[PDB]
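In structure tokens, one chain follows: the form deposited in one PDB entry.
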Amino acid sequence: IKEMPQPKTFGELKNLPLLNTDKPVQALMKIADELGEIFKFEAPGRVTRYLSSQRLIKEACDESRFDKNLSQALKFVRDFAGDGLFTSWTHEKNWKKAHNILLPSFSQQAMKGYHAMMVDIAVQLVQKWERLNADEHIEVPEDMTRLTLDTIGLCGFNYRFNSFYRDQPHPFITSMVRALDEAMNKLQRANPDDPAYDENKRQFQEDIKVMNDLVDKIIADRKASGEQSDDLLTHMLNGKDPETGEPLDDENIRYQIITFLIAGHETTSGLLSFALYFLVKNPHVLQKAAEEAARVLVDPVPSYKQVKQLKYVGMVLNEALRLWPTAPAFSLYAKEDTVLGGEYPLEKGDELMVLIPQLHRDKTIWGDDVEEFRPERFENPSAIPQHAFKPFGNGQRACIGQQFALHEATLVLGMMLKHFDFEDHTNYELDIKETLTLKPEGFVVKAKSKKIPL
């Protein structure tokens, strides 16, 4: 039994000012490098413990001892994501009901049905790049976000955001980004009832209303038309939970659609951006991935079966997730009094944060080459120990979208490597912007077409 390390304090504000930064996850990573596998973090009326080692995270991932916690971030996002799957407690009736209805819509088998819609948006990206002039470059996170938002709009509810037709996001996206920004900024407000923030509160309510009205109108329009599409909205209007026998109601469907749009905007776009970053910084890896794309994607339109054969493209994605897990943390609570790691007594309800970037740098699992980008670490999935690699979270609360995200990212990265050579023309210095997720800010490349027809 051991005292937990704690970072530097600021009198009555305890550790809270350490996260008064636009890069709090990176700040916690530097704290974990200084203090090790566990540290306590105190704020007025709150204590969290940050876990970094596979030894402790494997215990935290025991669902008999720990359940998903809503972090204060997720509590603030719940003001517009409601009791959708991501912001619901495991014990809320709507969690298991939605989970049971939606699991079959997210299976590897279901990806066959979404493939044609993913191709539609991926071909729009490839055409955009084919149409750049010689003196032009690509804004990588900007284009990847146009792509993944459009893909989930089309597969989610047969709605075209038409992000490749725009400089300025669809108004829904404006309100969604600003609501996400307000949720994350509120973590840093030592005193949020100061009238200074009355404007933030009013803007936040107006952004929620924009989001509810598009989504409630889309649900209403689809029920009126009676149309049956191969999208998540049709599955949610028709599906019944085998346990309760109930379908989702319209309000909960709206929370799911908002949740899926947050995911498409924030996550897969980050993964593709990091993956392209690591490929242009590691040309041997780029050559090996481009060889696979050329050999496998032999048709102008990739098929579902061809995407499944892009093994090395999948290893590149996993290695990018290892170094920069675009969703960088998840929160747990102790279901009962327990001892973590034989050393750290916890009380029922005590909150843990898993720092996924630190888990993925545990040299006792990965070896001393942990900072190097080496997709070959993933050549043999069996060799990865349990709970060493957690970019999609844990157990029954793991990412329902994992097969969707990886199918889209593999398809798109495959097509990018088939169609273009890439240049790191600025010698880009990695600068990681934080929202809910991580993205490489300002990452730009030049593409040179291989002149292969679509």
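Residue indices: 1-based, along the sequence shown. So that the term is clear: the rigid core is the largest set of C-alpha atoms that superpose within 1.5 Å between two forms.
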- line: The stretch whose C-alpha atoms carry the larger average B-factor in the entry, 37-45 or 62-70, is 37-45
query: Mean C-alpha B factor from the entry: is it higher for 183-191 or for 95-103?
result: 183-191
- line: When the entry's CA B-factors for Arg131, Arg374, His265, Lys201 are compared, the highest one belongs to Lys201
task: Specify which of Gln168, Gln309, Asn252, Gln124 carries the largest Cα B factor in the deposited PDB entry.
output: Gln168
task: Tell me, lowest, middle or highest third: where does the Cα B factor of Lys288 rank within its chain?
output: lowest
message: By the recorded C-alpha temperature factor, relative to the other modelled residues in its chain, which third is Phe86 in?
response: lowest
- request: Ordered by C-alpha B-factor within the chain, which third holds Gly270? Give me lowest, middle or highest, please.
  value: lowest
query: In terms of the CA temperature factor given in the entry, to which third of its chain does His425 belong: lowest, middle or highest?
result: middle
Relative C-alpha B-factor of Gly367, binned into the chain's lowest, middle or highest third: highest
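Separately, the form deposited in another entry exists; it is not shown, and the next lines address it.
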Flagged residue of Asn318, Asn212, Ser331, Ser303 - C-alpha shift reaching 2 Å or more between this form and the one not shown, core superposed: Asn212
Core-aligned CA displacement of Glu227 at least 2 Å between this form and the one not shown: yes
task: Answer yes if the CA of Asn133 moves 2 Å or more between this form and the one not shown after aligning the rigid core, and no otherwise.
output: no
field: Core superposition between this form and the one not shown, C-alpha change of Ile173 at least 2 Å
entry: yes
field: in the other form, whether the C-alpha atoms of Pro169 and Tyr428 sit closer or farther than here (change of 3 Å or more)
entry: closer
